[PDB]
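J.: Have a look at this one before I ask anything.
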Amino acid sequence: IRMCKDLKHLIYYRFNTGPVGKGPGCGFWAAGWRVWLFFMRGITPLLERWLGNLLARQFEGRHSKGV
RNA sequence: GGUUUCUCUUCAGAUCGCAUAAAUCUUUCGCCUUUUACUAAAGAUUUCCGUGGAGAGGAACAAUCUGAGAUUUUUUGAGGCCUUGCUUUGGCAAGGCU
Ligand SMILES: O=P(O)(O)O[C@H]1[C@H](OP(=O)(O)O)[C@H](OP(=O)(O)O)[C@H](OP(=O)(O)O)[C@@H](OP(=O)(O)O)[C@H]1OP(=O)(O)O
């Protein structure tokens with residue numbers, strides 16, 4: 001989120017250079033798309049293993065003794 | 001002596017990635033009642049999204065194509081011919097020859 005804010009400020013301060021000001025119509029999304037999808041390939045297998053443990057506790061039950 | 005494409009197998013040792021995330025563990029911290037969740041640095045590993053080379057199979061389109069394949073200077077007649085030594089008989093070692 002800090003890198004998204006920094007990319008927003010970099011885009012804004014490369015953009016507001018001449019006659020454009022701080023209006024609400026600035027459009028660019030590729031850098032945040034890169035950041036959150038590289039986060040998504042990071043966060044995928046931990047999510048898959050946590051959801052697999054969730055499904056195993058849901059359907060195989062909870063090992064109360066267990067490990 | 002086709003191409004494109006799909007699948008499988010194998011080697012990935014190149015920035016396999018002109019890209020970049022996460023997790024565990026060993027720790028130092030930051031934070032700090034405590035548990036996950038924590039902060040940012042190192043070490044030790046891993047996983048994921050990708051990647052390259054090779055081979056096989058399949059499919060659709062090329063249906064061949066693609067290859068491979070002389071007289072006149074110095075690199076051709078200054079060509080012939082004889083005697084002695086030796087014949088070792090293809091002519092050889094020396095002389096006058098045109
Ligand atoms: O300096 P800017 O890049 O132009 O930031 C401004 C604004 O106020 P400030 O001028 O005082 O900084 C906000 O501040 P920051 O978070 O960037 O510090 C921010 O608002 P958000 O927090 O919602 O992002 C953002 O607003 P937005 O992203 O909607 O454009 C933006 O606003 P403006 O550029 O329109 O003035």
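Each chain in the structure tokens gets a letter, A, B and so on, in the order shown; residues start at 1 in every chain, and ligands are counted from 1 in the order they appear.
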When the cut-off is 10 Å and we count only C-alpha atoms (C1' of nucleotides), which residues of chain B are near chain A, given as a list in words?
T.: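 That gives the following set of residues: residues 19, 20, 21, 22, 23, 47, 48 and 49 of chain B.
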J.: What does the file look like for those residues with N, CA, C and O atoms (P, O5', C5', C4', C3', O3' and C1' of nucleotides), as a PDB file, in the first residue's frame?
T.:
```
ATOM      1  P     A B  19      13.152  -4.714 -16.730  1.00  0.00           P
ATOM      2  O5'   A B  19      12.328  -5.968 -16.202  1.00  0.00           O
ATOM      3  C5'   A B  19      12.429  -6.397 -14.853  1.00  0.00           C
ATOM      4  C4'   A B  19      11.252  -7.254 -14.480  1.00  0.00           C
ATOM      5  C3'   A B  19      10.922  -7.360 -13.002  1.00  0.00           C
ATOM      6  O3'   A B  19      10.198  -6.244 -12.518  1.00  0.00           O
ATOM      7  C1'   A B  19      10.862  -9.506 -13.973  1.00  0.00           C
ATOM      8  P     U B  20      10.590  -5.576 -11.111  1.00  0.00           P
ATOM      9  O5'   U B  20      10.108  -6.629 -10.017  1.00  0.00           O
ATOM     10  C5'   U B  20       8.733  -6.929  -9.837  1.00  0.00           C
ATOM     11  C4'   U B  20       8.555  -8.276  -9.185  1.00  0.00           C
ATOM     12  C3'   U B  20       8.846  -8.351  -7.697  1.00  0.00           C
ATOM     13  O3'   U B  20       7.712  -7.996  -6.924  1.00  0.00           O
ATOM     14  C1'   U B  20       9.897 -10.163  -8.830  1.00  0.00           C
ATOM     15  P     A B  21       7.803  -6.842  -5.815  1.00  0.00           P
ATOM     16  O5'   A B  21       7.428  -7.577  -4.451  1.00  0.00           O
ATOM     17  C5'   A B  21       7.968  -8.849  -4.124  1.00  0.00           C
ATOM     18  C4'   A B  21       6.884  -9.889  -4.047  1.00  0.00           C
ATOM     19  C3'   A B  21       6.865 -10.743  -2.795  1.00  0.00           C
ATOM     20  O3'   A B  21       6.320 -10.076  -1.675  1.00  0.00           O
ATOM     21  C1'   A B  21       6.576 -12.124  -4.670  1.00  0.00           C
ATOM     22  P     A B  22       7.031 -10.220  -0.245  1.00  0.00           P
ATOM     23  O5'   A B  22       6.395 -11.542   0.367  1.00  0.00           O
ATOM     24  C5'   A B  22       4.988 -11.698   0.443  1.00  0.00           C
ATOM     25  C4'   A B  22       4.614 -13.152   0.518  1.00  0.00           C
ATOM     26  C3'   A B  22       5.270 -13.939   1.639  1.00  0.00           C
ATOM     27  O3'   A B  22       4.621 -13.783   2.886  1.00  0.00           O
ATOM     28  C1'   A B  22       5.503 -15.126  -0.376  1.00  0.00           C
ATOM     29  P     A B  23       5.464 -13.910   4.247  1.00  0.00           P
ATOM     30  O5'   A B  23       5.603 -15.478   4.470  1.00  0.00           O
ATOM     31  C5'   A B  23       4.456 -16.297   4.620  1.00  0.00           C
ATOM     32  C4'   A B  23       4.832 -17.751   4.558  1.00  0.00           C
ATOM     33  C3'   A B  23       5.884 -18.188   5.559  1.00  0.00           C
ATOM     34  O3'   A B  23       5.359 -18.428   6.849  1.00  0.00           O
ATOM     35  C1'   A B  23       6.480 -18.980   3.432  1.00  0.00           C
ATOM     36  P     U B  47      10.479 -26.546  -3.351  1.00  0.00           P
ATOM     37  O5'   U B  47       9.177 -25.632  -3.393  1.00  0.00           O
ATOM     38  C5'   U B  47       7.994 -26.020  -2.713  1.00  0.00           C
ATOM     39  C4'   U B  47       7.010 -24.883  -2.637  1.00  0.00           C
ATOM     40  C3'   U B  47       6.530 -24.332  -3.967  1.00  0.00           C
ATOM     41  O3'   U B  47       5.531 -25.120  -4.582  1.00  0.00           O
ATOM     42  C1'   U B  47       7.088 -22.543  -2.528  1.00  0.00           C
ATOM     43  P     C B  48       5.453 -25.194  -6.184  1.00  0.00           P
ATOM     44  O5'   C B  48       4.823 -23.794  -6.609  1.00  0.00           O
ATOM     45  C5'   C B  48       3.488 -23.464  -6.258  1.00  0.00           C
ATOM     46  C4'   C B  48       3.215 -21.993  -6.437  1.00  0.00           C
ATOM     47  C3'   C B  48       3.343 -21.456  -7.849  1.00  0.00           C
ATOM     48  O3'   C B  48       2.209 -21.733  -8.646  1.00  0.00           O
ATOM     49  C1'   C B  48       4.417 -19.986  -6.334  1.00  0.00           C
ATOM     50  P     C B  49       2.397 -22.108 -10.193  1.00  0.00           P
ATOM     51  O5'   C B  49       2.503 -20.694 -10.914  1.00  0.00           O
ATOM     52  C5'   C B  49       1.489 -19.717 -10.748  1.00  0.00           C
ATOM     53  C4'   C B  49       1.961 -18.369 -11.220  1.00  0.00           C
ATOM     54  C3'   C B  49       2.540 -18.341 -12.624  1.00  0.00           C
ATOM     55  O3'   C B  49       1.540 -18.262 -13.624  1.00  0.00           O
ATOM     56  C1'   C B  49       3.980 -17.183 -11.145  1.00  0.00           C
TER      57        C B  49
END
```
J.: Considering only C-alpha atoms and all ligand atoms, tabulate each residue of chain A that lies at most 8 Å from ligand 1 along with its nearest interatomic pair and the corresponding distance in Å to one decimal; arrange the rows by chain and ascending residue number and present them as a tab-separated table.
T.:
```
residue	atom	partner	partner_atom_place_in_ligand_line	distance
A:5	CA	ligand 1	17 (O)	6.6
A:8	CA	ligand 1	3 (O)	6.6
A:9	CA	ligand 1	3 (O)	4.5
A:10	CA	ligand 1	3 (O)	7.9
A:12	CA	ligand 1	3 (O)	5.6
A:13	CA	ligand 1	3 (O)	7.0
A:21	CA	ligand 1	34 (O)	7.9
A:22	CA	ligand 1	34 (O)	4.3
A:23	CA	ligand 1	35 (O)	5.2
A:24	CA	ligand 1	35 (O)	5.4
A:26	CA	ligand 1	30 (O)	7.7
```
J.: Got a sec: who's within 12 Å of residue 7 of chain B, counting only C-alpha atoms (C1' of nucleotides), leaving out chain neighbours fewer than 5 positions off, as a ChimeraX atom specification?
T.: /B:56-59
J.: Would you mind listing what lies within 10 Å of segment 65-73 of chain B as a VMD selection string, with only C-alpha atoms (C1' of nucleotides) counted and same-chain residues fewer than 4 positions away left out?
T.: chain B and resid 1 to 2 77
J.: Go ahead and write the residues just picked, N, CA, C and O atoms (P, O5', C5', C4', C3', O3' and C1' of nucleotides), as a PDB file, in the first residue's frame.
T.:
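What ended up in part_36.pdb:
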```pdb
ATOM      1  P     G B   1      14.163 -36.934 -48.170  1.00  0.00           P
ATOM      2  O5'   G B   1      13.331 -35.844 -47.359  1.00  0.00           O
ATOM      3  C5'   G B   1      13.707 -35.469 -46.042  1.00  0.00           C
ATOM      4  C4'   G B   1      14.163 -34.033 -45.990  1.00  0.00           C
ATOM      5  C3'   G B   1      13.169 -33.004 -46.508  1.00  0.00           C
ATOM      6  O3'   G B   1      12.207 -32.639 -45.535  1.00  0.00           O
ATOM      7  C1'   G B   1      15.343 -32.568 -47.382  1.00  0.00           C
ATOM      8  P     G B   2      10.667 -32.446 -45.950  1.00  0.00           P
ATOM      9  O5'   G B   2      10.016 -31.750 -44.675  1.00  0.00           O
ATOM     10  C5'   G B   2      10.618 -30.606 -44.086  1.00  0.00           C
ATOM     11  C4'   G B   2       9.905 -29.344 -44.494  1.00  0.00           C
ATOM     12  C3'   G B   2       9.341 -28.502 -43.362  1.00  0.00           C
ATOM     13  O3'   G B   2      10.304 -27.668 -42.743  1.00  0.00           O
ATOM     14  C1'   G B   2       7.675 -28.809 -44.985  1.00  0.00           C
ATOM     15  P     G B  77      53.843 -25.378 -76.087  1.00  0.00           P
ATOM     16  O5'   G B  77      55.326 -25.021 -76.543  1.00  0.00           O
ATOM     17  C5'   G B  77      55.953 -25.726 -77.609  1.00  0.00           C
ATOM     18  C4'   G B  77      57.339 -26.186 -77.235  1.00  0.00           C
ATOM     19  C3'   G B  77      58.271 -26.468 -78.412  1.00  0.00           C
ATOM     20  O3'   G B  77      59.604 -26.126 -78.039  1.00  0.00           O
ATOM     21  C1'   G B  77      58.045 -28.417 -77.110  1.00  0.00           C
TER      22        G B  77
END
```
J.: What is the distance, in Å and to one decimal place, between atom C1' of residue 25 of chain B and atom CA of residue 51 of chain A?
T.: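 Answer for the atom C1' of residue 25 of chain B to atom CA of residue 51 of chain A separation: 22.8 Å.
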